[PDB]
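Presented below is the structure to which this report refers.
Positions are given from 1, in the same order as the sequence printed here. Keep in mind that the numbers below use all heavy atoms, side chains included, and drop hydrogens, waters and symmetry copies. Ligands are counted one by one from 1 in listed order, and the atoms in each one are counted from 1 as well.
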Amino acid sequence: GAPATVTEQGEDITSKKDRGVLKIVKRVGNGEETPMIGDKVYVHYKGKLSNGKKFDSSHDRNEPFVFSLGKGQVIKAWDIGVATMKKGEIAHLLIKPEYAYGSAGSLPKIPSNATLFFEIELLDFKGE
Ligand SMILES: C=C[C@H]1CN(Cc2ccccn2)C(=O)[C@@H]2CCC[C@H]1N2[S@](=N)(=O)c1cc(Cl)cc(Cl)c1
């Protein structure tokens, strides 16, 4: 399925090239510009654990998730990954725990040492 495919066919987007965050572009977005640090980013997403459970979805809430890029309001992989996306892009990310919730996990949804899968759509980015 999609998690296996990004695991086996994704590209390393980390600065360290430690394969901690792999990406596949599913739908090419608009032009060349990606958001900058401090932008208010609006995304839709779905997240799955390695046991197949969908642990979250903005679609299911009928509202986008909004955060300020690059300010550590989200897991490291999101700040890294969303920063690579164009407006309108849909991407898959496969994230090792060192770029997500590590040995702690995040109670109750995320276990310790969890590799995470996301599908993310960048809706809009604005501001700083
Ligand atoms: C809508 C909540 C976000 C939570 N965070 C930041 C955060 C804030 C507080 C505690 C744990 N993580 C995040 O960094 C990431 C990435 C952006 C979407 C989503 N999460 S998430 N991984 O989907 C998620 C989803 C759910 Cl239902 C619970 C948790 Cl603990 C984490």
Return a yes/no value for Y101: is any of its N or O atoms, backbone included, closer than 3.5 angstrom to an N or O of ligand 1?
yes
Report, in ascending order of atom number, the atoms of ligand 1 lying under 4.0 Å from any heavy atom of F55.
21 (S), 22 (N), 23 (O), 24 (C), 25 (C), 27 (Cl)
Going by heavy atoms, is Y45 under 4.0 Å from ligand 1?
yes
Sidechain-backbone polar pair: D12 side chain, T14 backbone, donor-acceptor under 3.5 Å:
yes
Which ligand 1 atoms, with their elements, are less than 4.0 angstrom from a heavy-atom of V74?
14 (O), 17 (C)
Ion pair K71/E128, N-O distance below 4.0 Å
yes
Show me which atoms of ligand 1 lie under 4.0 Å from any heavy atom of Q73.
6 (C)
Sole candidate of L93, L122, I90, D56 that passes side chain to side chain contact (heavy atoms under 4.5 Å, CB included) when paired with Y45
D56
Would you mind running through ligand 1 and noting each atom that sits below 4.0 Å from a heavy atom of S106?
11 (C), 30 (Cl)
Please list, in number order, the atoms of ligand 1 under 4.0 Å from a heavy atom of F118.
22 (N), 23 (O)
Is the closest N or O pair between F65 and ligand 1 shorter than 3.5 Å?
no
Partner of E89 under salt bridge (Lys or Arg N to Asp or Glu O under 4.0 Å), chosen from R27, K26, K23
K23
Return yes when atom NZ of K17 has more than 12 non-hydrogen atoms of other residues, nucleotides or ligands closer than 6.0 Å, and no otherwise.
yes
Applying the side chain to side chain contact (heavy atoms under 4.5 Å, CB included) test to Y101, which of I110, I95, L107 qualifies?
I110
